[PDB]
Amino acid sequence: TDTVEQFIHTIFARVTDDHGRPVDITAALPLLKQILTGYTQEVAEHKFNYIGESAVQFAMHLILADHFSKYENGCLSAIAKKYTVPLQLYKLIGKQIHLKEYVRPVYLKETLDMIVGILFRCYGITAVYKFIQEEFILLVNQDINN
């Protein structure tokens, strides 16, 4: 419970509004509590994992367009294609937010997809962008270094 509350704080610490102020945690908090502590699926109808998977793809494209704008679209697409299943990004984010160290890839992916979907539904794509950008920009810069 301390671990869960700390984990949820670590998630909110990454998410700010357009003026870099904390977001209103009111909507997201009970949704995160349900997916992190619930022994049953109570928010299946919300398709958070499905939306999260898609939102991460869109956020990566926005980060590439924003940070790597001097490059040909075909070159940004080449970079993005390495992350169509972004397990390397998710492993790096999981490490940073002290998610379980020895977590199976499919469960890691589903868990982070669900968190991203909740952040998207509550706060829009800037929350997803901010959630992934530090680790994603690190990986892309390594890709470009070869």
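One-based numbering along the sequence shown.
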- request: Could you settle it for me: does 115-123 or 90-98 have the higher average Cα B factor in the PDB entry?
  value: 90-98
statement: When mean C-alpha B-factors in the record are compared for 15-23 and 131-139, the larger belongs to 15-23
message: Highest recorded C-alpha temperature factor, please, choosing from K109, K33, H61, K82.
response: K82
statement: Here the Cα B-factor of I8, set against its chain, lands in the third termed lowest
- prompt: Relative to the other modelled residues in the chain, which third contains the C-alpha temperature factor of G52: lowest, middle or highest?
  reply: lowest
